[PDB]
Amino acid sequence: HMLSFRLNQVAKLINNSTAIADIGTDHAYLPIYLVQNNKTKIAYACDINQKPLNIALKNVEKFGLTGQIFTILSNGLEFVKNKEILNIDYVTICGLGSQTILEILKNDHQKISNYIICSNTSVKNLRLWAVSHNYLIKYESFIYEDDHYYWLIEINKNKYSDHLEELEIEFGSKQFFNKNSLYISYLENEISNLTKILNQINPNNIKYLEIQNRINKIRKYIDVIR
């Protein structure tokens, strides 16, 4: 297979689409896969760096897809303003951190209907974004691959945000993580790392209080999904 496990997880969520845009597409293997399997009719394969975009175009050529996949050089979503970009069913953003991803989302556009994001940092700020704009978080899951964790979140802009509890905003809608031994294991390991820090910094530092509260928030959330 041409996709890593986490990229296949993104591809399962995409079907019967007219146009998708892969932000940070690198070598465009996800757009290529999606077009080859008739999940999308066309794809925009976008990158901020021209260098991997050159490899992407060659890849598109070697599979005979230049009429269906189009390389775009762009910082995030700046290109979507343009008049030749069609309405986009799904924008996918994979393999970036939440901070970078949230900044890209500042240029969210009415042409875009859904996001699938695969962040390599926890996505509390992306869930806050969805909630504060009243977008549905349609799907979340938690992925381990190549000695790294990944946070997958699907946002449907045409449906209302669920009324997430504050612990859910922090760690994920219970719906998607109930009984999830992988994620619970990760969160217990987060408590261990925080405990190490509590045995090193001064209890009068404000960080001690904040870290003590983080631990208790995690333990509460663990107890709910356990």
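So that there is no doubt, residue numbering starts at 1 and follows the sequence shown.
Look at the C-alpha B-factors of 120 to 128 and of 78 to 86. On average they run higher in 78 to 86. Stretches compared: 12 to 20, 204 to 212. Higher mean C-alpha B-factor in the entry: 204 to 212. In the PDB entry, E145 places in the middle third of its chain by CA B-factor. The PDB entry assigns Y186 a C-alpha temperature factor belonging to the lowest third of its chain's modelled residues.
In this PDB entry, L3 carries a Cα temperature factor that places it within the highest third of its chain's modelled residues.
Ranked against the other modelled residues of its chain, the C-alpha B-factor of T40 as given in the entry falls in the middle third. Ranked by C-alpha B-factor against the other modelled residues of its chain, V60 falls in the highest third.
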